[PDB]
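As a starting point, one isolated chain is supplied in structure tokens, in the form deposited in one PDB entry.
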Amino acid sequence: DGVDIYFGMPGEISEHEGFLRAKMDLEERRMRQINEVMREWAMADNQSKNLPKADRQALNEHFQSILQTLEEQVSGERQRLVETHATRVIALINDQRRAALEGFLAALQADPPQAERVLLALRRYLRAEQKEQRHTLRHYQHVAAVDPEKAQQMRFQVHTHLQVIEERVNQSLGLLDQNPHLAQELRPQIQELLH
């Protein structure tokens, strides 16, 4: 088992689908547990119809307490899951951007710089940055859609992060200025891209 944990999720399974799978398994698990408590609570009422008022209330508090704890388990478990997933998504985005950056840079530094390759590379880099930008916007748009008091406190951070991304992109494009002859032939190509 500790061995299964070491191996973890197969490489063929992305973080997104692994996350959903895990979330789904937990949903079904907890649903079964809850159904059990609710069924037990029902049976208890039935065999309690003939008892002292006090003992009835006691039965109620018993099941309501079992549910309180279960609700707290479900809430804590979900938070852990969302936590791990968010931290991994951010890491993958930075990793993909960094790898795209190196690719672009390698194409620009190839003895006879090849146009089509440098173009596909810069394209990949730009998409990597765009992914981070979309993620920033979407997460903010999402927090606004389900938690307004929290969205308000994100404004400035989002404002700042989006500018960071845009400056990074400009600085990266500057890597081209290093090869005027190259920057020339591609001037039109990249010009279309910017859009």
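Heads up, when I say rigid core I mean the largest set of C-alphas that superpose within 1.5 Å between the two forms. Note that residue numbering follows the sequence shown and begins at 1.
- When the C-alpha B-factors of 44 to 52 and 66 to 74 are averaged, 44 to 52 comes out higher.
- Once the C-alpha B-factors are averaged per stretch, 119 to 127 and 90 to 98 rank with 119 to 127 first.
- Highest C-alpha temperature factor among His142, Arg168, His161, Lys150 per the entry: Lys150.
- In the PDB entry, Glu132 places in the lowest third of its chain by CA B-factor.
- Ranked within its chain, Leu182 lands in the middle third, by CA B factor from the PDB record.
- Annotation for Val82: CA B-factor lies in the middle third of the chain's modelled residues.
- Placement of the Cα temperature factor of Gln57 within the chain: highest third of the modelled residues, per the deposited record.
- Sort the modelled residues of the chain by CA B factor and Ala110 lands in the highest third.
What comes next is about the form deposited in another entry, which does not appear here.
- With the rigid core aligned between this form and the one not shown, only one of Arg155, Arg138, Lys49, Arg32 has a CA shift of 2 Å or more: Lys49.
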